[PDB]
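Notes to accompany the following structure.
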Amino acid sequence: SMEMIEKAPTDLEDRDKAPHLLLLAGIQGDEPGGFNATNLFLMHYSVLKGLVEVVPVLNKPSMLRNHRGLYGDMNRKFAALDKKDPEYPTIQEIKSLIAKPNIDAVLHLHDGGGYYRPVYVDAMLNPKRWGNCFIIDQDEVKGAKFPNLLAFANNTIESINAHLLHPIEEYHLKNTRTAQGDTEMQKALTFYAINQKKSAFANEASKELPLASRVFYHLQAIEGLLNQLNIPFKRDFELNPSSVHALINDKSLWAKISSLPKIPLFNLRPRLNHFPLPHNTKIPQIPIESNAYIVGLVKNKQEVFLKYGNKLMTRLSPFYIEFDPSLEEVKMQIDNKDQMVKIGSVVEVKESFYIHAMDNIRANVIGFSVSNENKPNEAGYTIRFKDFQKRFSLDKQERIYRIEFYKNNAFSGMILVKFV
Ligand SMILES: N[C@H](CCC[C@H](N)C(=O)O)C(=O)O
(Lines give C-alpha, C1' and ligand atoms only; values in the text may rest on other atoms or scores of the structure.)
Protein backbone atom coordinates (compact mmCIF):
# COMPACT_ATOMS: atom_id res chain seq x y z
CA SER A 1 0.00 0.00 0.00
CA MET A 2 3.04 2.25 -0.16
CA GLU A 3 3.38 4.20 -3.35
CA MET A 4 6.22 6.04 -5.06
CA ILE A 5 5.57 9.56 -6.27
CA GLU A 6 7.95 11.33 -8.65
CA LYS A 7 9.04 14.91 -8.14
CA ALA A 8 10.35 15.82 -11.53
CA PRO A 9 10.99 18.79 -13.81
CA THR A 10 8.21 19.91 -16.11
CA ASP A 11 10.31 18.96 -19.12
CA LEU A 12 10.96 15.22 -19.28
CA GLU A 13 14.26 15.93 -21.00
CA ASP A 14 15.55 17.66 -17.85
CA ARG A 15 15.40 14.46 -15.82
CA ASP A 16 18.77 13.27 -17.02
CA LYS A 17 20.48 16.60 -16.44
CA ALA A 18 21.15 16.18 -12.66
CA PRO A 19 21.28 13.23 -10.19
CA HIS A 20 18.39 11.15 -8.96
CA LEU A 21 17.57 10.82 -5.27
CA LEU A 22 15.24 8.21 -3.70
CA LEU A 23 13.69 9.75 -0.55
CA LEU A 24 12.00 7.33 1.88
CA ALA A 25 10.24 7.68 5.25
CA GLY A 26 7.76 5.92 7.48
CA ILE A 27 9.43 2.51 7.83
CA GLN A 28 8.12 2.77 11.40
CA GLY A 29 4.51 3.89 11.64
CA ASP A 30 4.97 5.93 14.80
CA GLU A 31 7.73 8.23 13.40
CA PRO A 32 5.71 11.13 12.02
CA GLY A 33 8.57 13.54 11.50
CA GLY A 34 9.78 11.52 8.58
CA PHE A 35 6.46 11.01 6.81
CA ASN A 36 5.24 14.55 7.41
CA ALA A 37 8.53 15.77 5.90
CA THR A 38 8.06 13.62 2.79
CA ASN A 39 4.46 14.84 2.62
CA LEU A 40 5.47 18.51 2.78
CA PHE A 41 8.21 17.90 0.23
CA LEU A 42 5.74 16.41 -2.21
CA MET A 43 3.13 19.12 -1.66
CA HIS A 44 5.38 22.21 -1.61
CA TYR A 45 8.66 21.65 -3.47
CA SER A 46 9.63 21.65 -7.13
CA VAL A 47 12.59 19.80 -8.62
CA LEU A 48 14.04 21.63 -11.59
CA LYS A 49 16.56 19.15 -13.02
CA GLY A 50 17.18 15.53 -12.19
CA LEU A 51 14.60 13.60 -10.20
CA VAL A 52 13.50 12.88 -6.68
CA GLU A 53 11.47 9.69 -6.26
CA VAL A 54 9.59 9.69 -2.97
CA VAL A 55 7.98 6.95 -0.93
CA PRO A 56 6.29 9.10 1.63
CA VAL A 57 5.37 6.24 3.96
CA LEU A 58 6.98 2.82 3.63
CA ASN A 59 4.85 1.14 6.28
CA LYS A 60 1.37 2.54 5.68
CA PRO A 61 -0.68 -0.05 7.60
CA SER A 62 1.41 0.67 10.65
CA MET A 63 1.19 4.43 10.23
CA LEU A 64 -2.62 4.12 10.17
CA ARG A 65 -2.51 2.38 13.58
CA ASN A 66 0.16 4.69 15.06
CA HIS A 67 2.34 1.61 15.46
CA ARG A 68 6.08 1.04 15.08
CA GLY A 69 5.47 -2.02 12.90
CA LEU A 70 2.46 -4.28 12.81
CA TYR A 71 4.38 -7.07 11.11
CA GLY A 72 7.65 -6.55 12.97
CA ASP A 73 10.58 -4.24 12.30
CA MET A 74 10.48 -3.54 8.57
CA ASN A 75 13.98 -2.04 8.77
CA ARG A 76 15.42 -5.43 9.78
CA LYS A 77 14.02 -7.22 6.69
CA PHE A 78 16.54 -6.32 3.95
CA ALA A 79 18.84 -9.36 4.38
CA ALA A 80 17.45 -12.82 5.30
CA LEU A 81 13.65 -12.85 4.99
CA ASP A 82 11.12 -15.69 4.84
CA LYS A 83 8.94 -15.59 1.71
CA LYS A 84 5.94 -16.03 4.01
CA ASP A 85 6.59 -12.81 5.87
CA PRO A 86 3.60 -10.49 5.33
CA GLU A 87 5.96 -7.70 4.25
CA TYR A 88 7.97 -9.81 1.82
CA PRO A 89 6.26 -8.29 -1.28
CA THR A 90 6.70 -4.74 0.09
CA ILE A 91 10.38 -5.34 0.79
CA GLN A 92 10.86 -6.51 -2.82
CA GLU A 93 9.16 -3.34 -4.07
CA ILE A 94 11.45 -1.19 -1.95
CA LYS A 95 14.56 -3.14 -3.00
CA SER A 96 13.55 -2.75 -6.65
CA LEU A 97 13.22 1.03 -6.25
CA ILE A 98 16.61 1.30 -4.52
CA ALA A 99 18.38 -0.83 -7.12
CA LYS A 100 17.07 0.92 -10.21
CA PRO A 101 19.92 2.04 -12.48
CA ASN A 102 18.63 5.65 -12.59
CA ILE A 103 18.91 6.07 -8.81
CA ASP A 104 22.16 7.56 -7.57
CA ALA A 105 21.46 8.33 -3.91
CA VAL A 106 19.07 7.24 -1.18
CA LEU A 107 17.95 9.24 1.89
CA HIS A 108 15.98 7.43 4.58
CA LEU A 109 14.23 9.51 7.26
CA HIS A 110 13.51 8.36 10.79
CA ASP A 111 12.55 9.69 14.21
CA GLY A 112 14.47 8.45 17.24
CA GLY A 113 14.51 8.95 20.98
CA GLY A 114 16.90 11.19 22.87
CA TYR A 115 19.87 12.88 21.24
CA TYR A 116 22.82 11.02 19.86
CA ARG A 117 26.13 11.97 21.43
CA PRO A 118 29.41 10.26 20.47
CA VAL A 119 30.20 10.08 24.17
CA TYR A 120 27.97 9.09 27.06
CA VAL A 121 26.44 11.98 29.01
CA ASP A 122 23.17 10.60 30.45
CA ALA A 123 20.08 8.49 29.64
CA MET A 124 18.89 11.03 27.07
CA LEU A 125 22.29 12.01 25.60
CA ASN A 126 24.51 9.04 24.67
CA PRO A 127 25.84 6.91 21.80
CA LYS A 128 22.94 4.45 21.87
CA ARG A 129 20.47 7.27 21.11
CA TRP A 130 19.64 8.17 17.53
CA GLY A 131 18.02 11.58 17.78
CA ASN A 132 19.41 14.38 15.54
CA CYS A 133 22.10 12.55 13.70
CA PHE A 134 22.98 11.97 10.10
CA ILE A 135 24.06 8.43 9.46
CA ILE A 136 26.24 6.54 6.98
CA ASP A 137 27.18 2.86 6.87
CA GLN A 138 30.76 3.52 5.79
CA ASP A 139 32.93 6.43 4.64
CA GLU A 140 33.09 5.54 0.95
CA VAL A 141 31.18 3.42 -1.57
CA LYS A 142 33.45 2.48 -4.44
CA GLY A 143 31.58 2.29 -7.71
CA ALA A 144 28.83 4.74 -6.80
CA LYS A 145 28.31 7.89 -8.87
CA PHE A 146 29.16 9.84 -5.67
CA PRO A 147 31.47 7.53 -3.68
CA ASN A 148 32.41 10.12 -0.96
CA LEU A 149 29.71 9.47 1.63
CA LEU A 150 31.71 11.03 4.42
CA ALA A 151 32.22 14.33 2.56
CA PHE A 152 28.53 14.52 1.61
CA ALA A 153 27.52 13.75 5.20
CA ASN A 154 29.88 16.29 6.74
CA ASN A 155 28.62 19.00 4.40
CA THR A 156 24.95 18.09 4.97
CA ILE A 157 25.55 18.21 8.76
CA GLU A 158 27.23 21.59 8.43
CA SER A 159 24.20 22.84 6.51
CA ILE A 160 21.70 21.60 9.14
CA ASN A 161 23.85 23.01 11.98
CA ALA A 162 23.66 26.49 10.46
CA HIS A 163 19.95 26.52 11.35
CA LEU A 164 19.64 25.06 14.87
CA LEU A 165 16.64 26.03 16.94
CA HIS A 166 18.47 25.33 20.20
CA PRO A 167 22.10 24.23 20.74
CA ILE A 168 21.11 20.85 22.20
CA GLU A 169 19.74 19.91 18.78
CA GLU A 170 23.18 19.96 17.15
CA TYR A 171 23.61 17.28 14.53
CA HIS A 172 26.41 14.78 14.64
CA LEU A 173 27.75 12.24 12.21
CA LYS A 174 27.18 8.57 12.99
CA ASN A 175 29.20 6.11 10.84
CA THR A 176 27.93 2.66 11.85
CA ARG A 177 30.73 0.85 9.99
CA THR A 178 28.10 -1.73 9.15
CA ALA A 179 30.16 -4.21 7.14
CA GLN A 180 32.59 -4.59 10.04
CA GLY A 181 30.05 -6.31 12.26
CA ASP A 182 26.92 -4.28 13.06
CA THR A 183 24.55 -7.20 12.70
CA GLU A 184 21.43 -5.08 13.11
CA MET A 185 22.40 -2.51 10.52
CA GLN A 186 23.41 -5.33 8.17
CA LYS A 187 19.67 -6.10 7.95
CA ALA A 188 18.64 -2.49 7.27
CA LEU A 189 17.71 -0.45 4.23
CA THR A 190 20.75 1.74 3.75
CA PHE A 191 23.20 -1.15 3.86
CA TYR A 192 21.19 -2.84 1.13
CA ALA A 193 21.47 0.40 -0.87
CA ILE A 194 25.28 0.60 -0.43
CA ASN A 195 25.50 -2.96 -1.70
CA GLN A 196 23.82 -1.81 -4.93
CA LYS A 197 26.47 0.95 -5.17
CA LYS A 198 24.11 3.75 -4.23
CA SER A 199 25.13 6.65 -2.06
CA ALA A 200 22.93 6.04 0.98
CA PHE A 201 22.22 8.20 4.02
CA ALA A 202 19.82 8.27 6.91
CA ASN A 203 18.58 11.25 8.88
CA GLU A 204 17.11 10.74 12.32
CA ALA A 205 15.28 13.61 14.03
CA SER A 206 14.76 13.44 17.78
CA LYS A 207 11.40 12.27 19.20
CA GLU A 208 12.00 14.70 22.00
CA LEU A 209 11.12 17.47 19.56
CA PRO A 210 7.61 18.58 18.70
CA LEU A 211 6.49 17.41 15.28
CA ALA A 212 7.06 20.72 13.52
CA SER A 213 10.65 20.86 14.77
CA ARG A 214 11.29 17.25 13.71
CA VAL A 215 9.93 18.01 10.25
CA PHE A 216 12.07 21.18 10.12
CA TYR A 217 15.22 19.14 10.67
CA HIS A 218 14.26 16.49 8.13
CA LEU A 219 13.65 19.21 5.57
CA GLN A 220 17.04 20.74 6.40
CA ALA A 221 18.65 17.36 5.79
CA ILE A 222 16.83 16.89 2.48
CA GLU A 223 17.83 20.35 1.31
CA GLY A 224 21.41 19.90 2.48
CA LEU A 225 21.70 16.65 0.55
CA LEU A 226 20.00 18.03 -2.59
CA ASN A 227 22.52 20.87 -2.50
CA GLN A 228 25.40 18.37 -2.31
CA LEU A 229 23.97 16.40 -5.23
CA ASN A 230 23.39 19.63 -7.22
CA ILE A 231 19.71 18.78 -7.71
CA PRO A 232 18.17 22.28 -8.08
CA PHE A 233 14.87 22.85 -6.28
CA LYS A 234 12.39 25.48 -5.10
CA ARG A 235 9.82 25.55 -2.31
CA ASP A 236 6.82 27.80 -1.87
CA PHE A 237 7.46 28.72 1.79
CA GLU A 238 10.20 29.91 4.16
CA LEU A 239 11.78 27.03 6.09
CA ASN A 240 11.08 27.77 9.77
CA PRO A 241 9.09 25.88 12.41
CA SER A 242 6.13 28.31 12.27
CA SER A 243 5.73 27.81 8.53
CA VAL A 244 6.17 24.05 8.86
CA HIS A 245 3.46 24.00 11.54
CA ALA A 246 1.13 26.02 9.30
CA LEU A 247 1.71 23.69 6.36
CA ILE A 248 1.12 20.53 8.36
CA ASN A 249 -2.06 22.10 9.79
CA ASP A 250 -3.29 23.49 6.51
CA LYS A 251 -6.98 24.20 6.32
CA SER A 252 -6.92 23.71 2.53
CA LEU A 253 -6.23 19.99 2.91
CA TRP A 254 -9.07 17.66 1.94
CA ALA A 255 -10.00 14.01 1.57
CA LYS A 256 -12.33 12.53 -1.01
CA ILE A 257 -13.69 9.16 0.04
CA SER A 258 -15.13 7.01 -2.76
CA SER A 259 -17.48 9.16 -4.90
CA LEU A 260 -18.41 11.42 -1.98
CA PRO A 261 -17.62 15.13 -2.01
CA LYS A 262 -14.26 16.37 -0.80
CA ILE A 263 -14.31 17.08 2.94
CA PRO A 264 -11.81 19.25 4.80
CA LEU A 265 -9.27 17.27 6.83
CA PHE A 266 -9.17 19.84 9.65
CA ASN A 267 -11.94 21.14 11.89
CA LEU A 268 -14.30 18.22 11.31
CA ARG A 269 -16.59 17.23 14.11
CA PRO A 270 -14.96 14.33 15.96
CA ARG A 271 -17.70 11.89 14.88
CA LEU A 272 -19.69 11.81 11.62
CA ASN A 273 -22.74 9.64 12.09
CA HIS A 274 -24.56 7.45 9.55
CA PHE A 275 -21.78 8.10 7.09
CA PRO A 276 -22.41 6.27 3.78
CA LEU A 277 -19.69 3.85 2.67
CA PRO A 278 -19.89 1.30 -0.14
CA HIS A 279 -21.00 -2.09 1.14
CA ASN A 280 -19.10 -5.35 0.59
CA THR A 281 -15.80 -3.45 0.34
CA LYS A 282 -12.83 -3.86 2.66
CA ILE A 283 -11.77 -0.56 4.16
CA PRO A 284 -8.30 -0.52 2.57
CA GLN A 285 -10.04 -0.97 -0.82
CA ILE A 286 -12.24 2.11 -0.46
CA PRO A 287 -10.78 4.76 -2.78
CA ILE A 288 -9.43 7.79 -1.04
CA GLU A 289 -7.84 10.83 -2.66
CA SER A 290 -6.26 13.82 -0.99
CA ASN A 291 -3.98 16.73 -1.79
CA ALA A 292 -1.80 15.21 0.98
CA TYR A 293 0.00 11.89 0.56
CA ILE A 294 -0.37 10.42 4.04
CA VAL A 295 -4.17 10.16 4.38
CA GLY A 296 -6.11 6.96 4.81
CA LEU A 297 -8.96 5.05 6.45
CA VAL A 298 -8.68 2.33 9.06
CA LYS A 299 -11.15 0.23 11.04
CA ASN A 300 -11.35 0.68 14.79
CA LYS A 301 -14.07 -1.45 16.38
CA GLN A 302 -17.38 -0.14 14.99
CA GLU A 303 -15.85 3.06 13.55
CA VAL A 304 -13.70 3.91 10.57
CA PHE A 305 -11.05 6.46 11.38
CA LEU A 306 -9.88 9.12 8.94
CA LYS A 307 -6.13 9.47 9.44
CA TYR A 308 -3.67 12.14 8.37
CA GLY A 309 -0.39 10.57 9.33
CA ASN A 310 -0.82 9.70 13.00
CA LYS A 311 -3.48 12.41 13.44
CA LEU A 312 -7.12 11.36 13.92
CA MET A 313 -9.21 13.72 11.84
CA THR A 314 -12.65 12.23 12.47
CA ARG A 315 -14.37 8.98 13.44
CA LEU A 316 -16.86 7.80 10.81
CA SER A 317 -19.75 5.73 12.06
CA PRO A 318 -20.47 3.98 8.78
CA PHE A 319 -23.74 3.28 7.07
CA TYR A 320 -22.84 0.47 4.64
CA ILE A 321 -24.99 0.61 1.51
CA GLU A 322 -24.93 -0.06 -2.21
CA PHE A 323 -23.52 2.92 -4.13
CA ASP A 324 -25.66 3.32 -7.27
CA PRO A 325 -23.69 5.49 -9.71
CA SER A 326 -26.61 6.35 -12.00
CA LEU A 327 -27.27 9.87 -10.66
CA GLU A 328 -24.75 12.34 -12.08
CA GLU A 329 -26.33 15.70 -11.24
CA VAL A 330 -29.22 17.24 -9.38
CA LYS A 331 -31.15 20.38 -10.29
CA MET A 332 -31.03 22.87 -7.40
CA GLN A 333 -32.03 26.44 -7.01
CA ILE A 334 -29.12 28.19 -5.34
CA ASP A 335 -29.68 31.77 -4.20
CA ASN A 336 -32.71 31.94 -6.61
CA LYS A 337 -30.89 30.55 -9.65
CA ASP A 338 -31.25 27.03 -11.00
CA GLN A 339 -28.13 25.07 -11.72
CA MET A 340 -27.25 21.45 -12.27
CA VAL A 341 -25.10 20.45 -9.36
CA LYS A 342 -22.86 17.45 -9.85
CA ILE A 343 -23.11 14.59 -7.41
CA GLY A 344 -19.92 14.64 -5.37
CA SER A 345 -19.56 18.40 -5.40
CA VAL A 346 -19.62 21.20 -2.84
CA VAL A 347 -21.91 24.13 -3.61
CA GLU A 348 -21.60 27.48 -1.88
CA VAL A 349 -24.83 29.08 -0.68
CA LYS A 350 -25.19 32.67 0.42
CA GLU A 351 -28.90 32.75 1.19
CA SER A 352 -30.99 29.71 0.32
CA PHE A 353 -31.38 26.59 -1.69
CA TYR A 354 -34.19 24.42 -2.98
CA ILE A 355 -33.87 20.93 -4.42
CA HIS A 356 -36.19 20.15 -7.34
CA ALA A 357 -38.19 16.94 -7.00
CA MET A 358 -36.96 13.85 -8.87
CA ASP A 359 -39.22 10.91 -9.79
CA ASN A 360 -37.48 8.00 -8.07
CA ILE A 361 -34.88 9.79 -5.90
CA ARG A 362 -35.34 11.11 -2.38
CA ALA A 363 -33.18 13.76 -0.78
CA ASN A 364 -32.30 13.92 2.89
CA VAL A 365 -30.79 17.23 3.95
CA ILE A 366 -28.87 16.25 7.08
CA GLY A 367 -29.70 18.77 9.82
CA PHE A 368 -33.01 19.83 8.26
CA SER A 369 -36.29 18.21 9.24
CA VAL A 370 -39.96 18.77 8.49
CA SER A 371 -41.30 15.73 10.33
CA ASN A 372 -40.07 12.67 12.20
CA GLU A 373 -40.26 10.44 9.13
CA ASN A 374 -37.43 7.90 9.07
CA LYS A 375 -36.88 8.12 5.30
CA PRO A 376 -37.56 11.77 4.56
CA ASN A 377 -37.73 13.40 1.13
CA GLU A 378 -36.83 17.03 1.50
CA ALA A 379 -36.95 18.03 -2.13
CA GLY A 380 -39.35 20.89 -2.63
CA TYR A 381 -38.41 22.88 0.50
CA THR A 382 -36.80 26.29 0.43
CA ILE A 383 -34.03 26.01 2.97
CA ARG A 384 -32.00 28.70 4.72
CA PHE A 385 -29.15 28.56 7.24
CA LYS A 386 -31.58 29.26 10.06
CA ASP A 387 -33.47 26.04 9.27
CA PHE A 388 -30.56 23.78 10.24
CA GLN A 389 -29.88 22.03 13.49
CA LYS A 390 -26.24 23.07 13.65
CA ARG A 391 -24.98 19.98 15.46
CA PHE A 392 -25.43 18.03 12.23
CA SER A 393 -22.84 20.03 10.36
CA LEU A 394 -19.72 18.20 9.14
CA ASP A 395 -17.50 21.01 10.47
CA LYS A 396 -16.96 22.56 13.87
CA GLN A 397 -17.69 25.95 12.21
CA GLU A 398 -21.31 24.85 11.53
CA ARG A 399 -21.26 25.89 7.85
CA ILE A 400 -21.11 22.63 5.90
CA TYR A 401 -24.05 20.25 5.60
CA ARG A 402 -24.63 16.95 3.81
CA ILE A 403 -27.40 16.33 1.26
CA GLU A 404 -27.82 12.59 0.68
CA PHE A 405 -29.76 11.05 -2.18
CA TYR A 406 -31.36 7.60 -2.20
CA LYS A 407 -33.00 5.39 -4.82
CA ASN A 408 -34.79 2.21 -3.65
CA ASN A 409 -32.56 1.37 -0.66
CA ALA A 410 -29.36 2.30 -2.57
CA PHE A 411 -27.29 5.43 -2.09
CA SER A 412 -27.31 7.70 -5.14
CA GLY A 413 -24.76 10.23 -3.90
CA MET A 414 -23.99 13.26 -1.76
CA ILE A 415 -23.66 16.98 -2.30
CA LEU A 416 -22.32 19.34 0.38
CA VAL A 417 -23.75 22.80 0.93
CA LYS A 418 -21.40 25.32 2.40
CA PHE A 419 -22.93 28.46 3.81
CA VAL A 420 -20.64 31.38 3.00
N1 LIG B 1 17.20 3.97 13.90
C2 LIG B 1 17.20 3.35 12.62
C3 LIG B 1 18.51 3.75 11.97
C4 LIG B 1 18.71 3.09 10.62
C5 LIG B 1 19.78 3.88 9.86
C6 LIG B 1 20.11 3.26 8.50
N7 LIG B 1 20.82 2.02 8.63
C8 LIG B 1 18.84 2.98 7.69
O9 LIG B 1 18.59 1.85 7.23
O10 LIG B 1 18.15 3.98 7.40
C11 LIG B 1 17.14 1.86 12.83
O12 LIG B 1 17.65 1.37 13.88
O13 LIG B 1 16.57 1.13 11.96
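Scope of the values below: all heavy atoms of this structure, side chains included, with no hydrogens, waters or symmetry mates. We count ligands from 1, going down the list as the structure has it; atoms in each ligand are counted the same way. Each residue takes its place number in the sequence, starting with 1.
In terms of protein heavy-atom proximity, atom 6 (C) of ligand 1 is closest to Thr190 OG1, 3.1 Å.
Residues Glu204 and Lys174 are not paired through a salt bridge, judged by the lack of any N-O separation under 4.0 Å between the basic side chain and the carboxylate.
A donor-acceptor contact under 3.5 angstrom links the side chains of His218 and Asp111, judged on distance only. Looking only at atom types and distance, the side chain of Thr190 has a donor-acceptor partner in the side chain of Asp137 under 3.5 Å away.
Looking only at side-chain heavy atoms (C-beta outward), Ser393 and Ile400 stay at 4.5 Å or farther from each other.
At a 4.0 Å heavy-atom cut-off, ligand 1 touches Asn75 through the side chain alone.
Atom numbering of ligand 1 starts at 1 in the shown order; those under 4.0 Å from a heavy atom of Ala202 are 5 (C), 6 (C), 10 (O).
Partners of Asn155 according to the side-chain hydrogen bond (donor to acceptor under 3.5 Å, both in side chains) rule, which considers only residues two or more places apart in sequence or in another chain, are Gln228.
Among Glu204, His108, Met185, the residue whose heavy atom lies closest to atom 2 (C) of ligand 1 is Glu204. Remark: among candidates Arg76, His110, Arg129, the nearest residue to atom 12 (O) of ligand 1 is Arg76, based on non-hydrogen atoms.
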